[PDB]
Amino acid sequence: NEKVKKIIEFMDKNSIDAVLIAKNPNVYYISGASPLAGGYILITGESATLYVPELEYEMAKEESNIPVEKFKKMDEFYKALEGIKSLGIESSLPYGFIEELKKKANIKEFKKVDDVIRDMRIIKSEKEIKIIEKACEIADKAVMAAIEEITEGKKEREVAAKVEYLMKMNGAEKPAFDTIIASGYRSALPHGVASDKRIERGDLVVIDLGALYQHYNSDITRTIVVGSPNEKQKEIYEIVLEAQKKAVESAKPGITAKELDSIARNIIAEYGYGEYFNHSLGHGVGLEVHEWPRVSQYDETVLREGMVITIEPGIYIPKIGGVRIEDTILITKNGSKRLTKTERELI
């Protein structure tokens, strides 16, 4: 396939004899198969083969677009690698595995192939975009359900369980990540995963969730308030809303991820809340919840049509609470498109 072809081209330019792909999302991206257990793709100058343990063979044989080989013990796999001098690998390959490759496969050199994997996955195909949009649609439904479920006295975890159930009933494999239902002081926390805390009147409630649908992810955050907001809560909400909207409106091909982050960050900084916006503006979304590019002050990746990223500025104040508004957006030919469509002005 075209993906294997691009890897072979990269191998030729970088004097790599063979490439090993082992990370789940990359194995699926290339072969179309997703063995839960350990699956490995070996790409040579003229072939691509997926190796899987026997228990995953039947599933892999019916889902893979490249030849499949099964093995009983890892020794058979290494035997298939003996002879390779320079091996291209993912930066995620674990130490234990690399040491086994040196000892049992006699690999002489390792080179990172992350660049070619990134260059491919960072631009979504029309088909991938449609799956991501469906995942976002499911996430939108989950956020609305969360709002309905929220009431004084209910545990954050109960709301989370209820909406995760709804997402799965809508076709999701599972949540894209641990659901965040953070109320009151918890809304100002770094990663407020739903807890046993009970929601209280006057609480700001951050709802950050996503659905994993047919291998692709979605990501959305909306913040609401139980009852009426006080002056401070309303103020930080208005600023985050302004920053989020301006950043989304500014997203387009040609500008750097850093430039985009600066748009939202400068708005928040000018209002005097710069020290309370403690994370990046966003991240890419695809086969993984967090992927390329990183939308921050440290990544100047030039945006291009086909990229899918989140725009999620926020302001977090100890005890008082926090506000975050996040959308998963698609970079189009001339601008952007919000894939998550839930109303943002909720406070």
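So that there is no doubt, residue numbering starts at 1 and follows the sequence shown.
Enquirer: Which is higher on mean Cα B factor in this entry, 266 to 274 or 153 to 161?
Expert: Stretch with the greater average CA B-factor: 266 to 274.
Enquirer: Return whichever of 256 to 264 and 219 to 227 has the greater mean Cα B factor according to the PDB record.
Expert: Averaged over C-alpha atoms, the B-factors run higher in 256 to 264.
Enquirer: Which one, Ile123, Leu81, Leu212, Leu241, has the peak C-alpha temperature factor per the PDB entry?
Expert: By C-alpha B-factor in the record, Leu81 ranks first.
Enquirer: Per the entry's Cα B factor values, which of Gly314, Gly284, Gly321, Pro35 stands out as the maximum?
Expert: Within the set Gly314, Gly284, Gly321, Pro35, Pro35 shows the top C-alpha B-factor.
Enquirer: Split into thirds by Cα B-factor across the chain's modelled residues, where does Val308 land: lowest, middle or highest?
Expert: Tercile = lowest for this residue's CA B-factor.
Enquirer: Sorting the chain's CA B-factors, does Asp115 end up in the lowest, middle or highest third?
Expert: It belongs to the middle third of the chain when residues are ordered by C-alpha B-factor.
Enquirer: Going by what the PDB entry lists, where does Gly184 fall on CA B-factor within its chain: lowest, middle or highest third?
Expert: Answer is lowest: the recorded C-alpha B-factor places it there.
Enquirer: Select lowest, middle or highest to describe the third in which the CA B-factor of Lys141 falls within its chain in this entry.
Expert: Bottom third by C-alpha B-factor.
Enquirer: Just say lowest, middle or highest third for the CA B-factor of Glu100 relative to the other modelled residues in its chain.
Expert: As the PDB entry reports it, the C-alpha B-factor of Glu100 lands in the highest third of its chain.
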